[PDB]
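We begin with a single chain expressed as structure tokens, specifically the form deposited in one PDB entry.
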């Protein structure tokens, strides 16, 4: 800029200069590889690899690495990277966004940093929007990476896990943002370590970040899976349950335990023909629904704990007394209550797993992306991913003529007008490209064109290859191309034979999109490196953008002033007005992302623990130790509840506790009055943990030393998986129900955090307990195989911006 205002430019200027100098240091040694041998150059990779093991940094080997790559390309493709492209690669290396105007060769640039970071062999994900480009780039760019002798994988959904694994095994991988995501997702629902496809997230280079990180980032990734019409279980459970009402079927006033174990419950339960007493098949599976249905009656009371309704069952916020917006009870106790109250029980798809692009890409050791349009939301990138946008210079100065948006009083005037411009160019040789924003628009003008006898091609985003074929030639003399939402993104238009002197491309925007960014990408398609072009925008007072800006008063002045008379008008001020209109739209969306993120941050934290513990359970050599850590943490909880806030030491209630452990961790008489008397809550834990240890021991020598190691893993996964999957579905429900009935004054997100954490807290407890219960009591019958908890088929999708 000029004058004062030029200091906002300072943080960019300073960096840009490092990068300029460096690009030069690179061009200096153009000689060092210029004349060399194909195989000598390949040995460079190795030299670097060695040099790295020794202790150097990617930053140290950067210049040379880039020089090598630079040579490698000319050799392979015949293209020798520009000084600007070198600057871009570096930017990328420094973990930033390389704003390199559409057509500066962002693809080739990726190679440099990609190559250099790939050397540690840690892996690099180069990502794009669609499977066409992904496969396209991999193929063309791979030949340089492979020449320098580096493995190159391509991940698509149509690939077996084994195929996927091989793709990820590569020194470098190409894939869609969606594939990456979903993979990470499925990757964490795996039963055995070897089934995961992904390798640790190292570095990701996102081609066209704005699209990925911004647009495709309005909603999250989900994996659903239904329940097998199970209803019949709860019905039967509820029925059965209210039978054995006696204290030969125990309960807790303190812990709220529905202790079935008694022979009344047991024997009369096995009577239900549960293939007798097979605790490991049954108890994990069937005895779960029972223990719920039991509590549902005993512990849960109609209008003190919950509430019955026409909208079904609600929870009552204790101590405030409220209709709990959207919250269900854990592990399907909600269903057991409905059965007990006869209400229709619901069985929808459960959300098995979820993460947001934002929280995903955040997961890498390093991220970087490239695109032409980004400074627009530099505030966002810098904020969320800590990537600063760097506007890389152009190779050749721009000479394209960007024309001021033309305004109209009607859609029909506007549209009808566009058809003429096309005509004029058409009848001169000028190749035209018209950008619509929706299907209808693109076909409306199609009619207007065929009517006027102008031959044309229409792109409406399907098998991008087909369109790409079409679009590449869209820059020839009789080129008349219609693009619905930049349908041929990434593929560049080269100025046709003789078209050079015909003017240039001359693209034409039928309207403006909700983002400058996107209508600016439209602009982008002309002037491909010094090439000439014209860009014309068309708008009308009856446009959605307009009639959403509350622009009626303005509509009236024109009308009242007979302005629809002079019709094609250019008011810098009205264009500025739409500029703000856009900024607002964008602002709203940024707000939407900002929110989506926040609700998930609550999740990511929860995932950190789970995911990690889960993984822990799969590198399961020495598992027992955790299993005991968990039994002990379950046990401690019992003790501390029978010994509340110092409520009279040996005057606690040292005889329910006694009878409990004795009945839920051990099997009747073993723990009694005497055993634990005159001991602090701490003293007691160890005493009995010890007798649990004694018992745990016993089982290793009675049911298989190392089979148990798997018993443990099975139980723990069964536990974790079952609990977790639930809580998540639960958490997805809450996240969109809390937005209902909330005069609480607080921000919902707040409630969410608080309530979310709470349940989580619970689930941990639940898990630890289930684990302890089974490992101590559960009985081995046949094959102790780690078993799947997902019922039936799954579905991996991204919802619609709703």
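Positions refer to the first chain, counted from 1.
Chemist: Counting only other entries where the flanking residues are modelled, do a third or more lack residue 498?
Modeler: Per the records, residue 498 is modelled in all the other entries.
Chemist: Note whether residue 353 lacks coordinates in a third or more of the other compared entries that model its flanking residues.
Modeler: That residue is present in all of the other compared entries.
Chemist: So 474-482 or 372-380, which one's hotter by mean CA B-factor in the entry?
Modeler: Taking the mean C-alpha B-factor of 474-482 and of 372-380, the larger value falls to 474-482.
Chemist: Quick check: 718-726 versus 696-704, which has the larger average CA B-factor in the record?
Modeler: The recorded data point to 696-704.
Chemist: Between 457, 347, 575, 613, where does the Cα B-factor run highest in the record?
Modeler: It is 347.
Chemist: Per the coordinate record, which of the options 632, 297, 560, 489 holds the highest CA temperature factor?
Modeler: By C-alpha B-factor in the record, 489 ranks first.
Chemist: Can you tell me whether residue 125 has a C-alpha B-factor in the lowest, middle or highest third compared with the other modelled residues of the same chain?
Modeler: For residue 125, whose C-alpha B-factor we compare with every modelled residue in the chain, the answer is the lowest third.
Chemist: Could you look up the Cα B-factor of residue 512 in the entry and say which third of the chain it sits in: lowest, middle or highest?
Modeler: For residue 512, whose C-alpha B-factor we compare with every modelled residue in the chain, the answer is the middle third.
Chemist: Looking at the entry's B-factor column for C-alpha atoms only, identify whether residue 337 ranks in the lowest, middle or highest third of its chain.
Modeler: For residue 337, the deposited C-alpha B-factor lands in the middle third.
Chemist: Once the chain's modelled residues are ordered by C-alpha B factor and cut into thirds, is residue 566 in the lowest, middle or highest one?
Modeler: Highest third of the chain for residue 566's C-alpha B-factor.
Chemist: Compared with the other modelled residues in the chain, in which third is the CA B-factor of residue 551?
Modeler: Residue 551: CA B-factor falls in the highest third of its chain.
Omitted here: the form solved in complex with a partner chain. The next part is about that form.
Chemist: Looking in the deposited complex, any heavy atom of residue 702 within 4.5 Å of its partner chain?
Modeler: Result yes; residue 702 sits at the interface with its partner chain in the deposited complex.
Chemist: Test of understanding: in the deposited complex, would residue 695 fall inside 4.5 Å of its partner chain by heavy atoms?
Modeler: Yes, contact at 4.5 Å.
Chemist: Can you work out whether residue 667 and its partner chain are in contact in the deposited complex, taking contact to mean some heavy atom pair no more than 4.5 Å apart?
Modeler: Close contact exists here: in the deposited complex, residue 667 approaches its partner chain to within 4.5 Å, heavy atoms only.
Chemist: Within 4.5 Å, heavy atoms only: does residue 778 come near its partner chain in the deposited complex?
Modeler: Yes, contact at 4.5 Å.
Chemist: Mind telling me which stretch in 138-146, 446-454, 428-436, 702-710 gets its heavy atoms within 4.5 Å of its partner chain in the deposited complex?
Modeler: Result of the contact check: 702-710.
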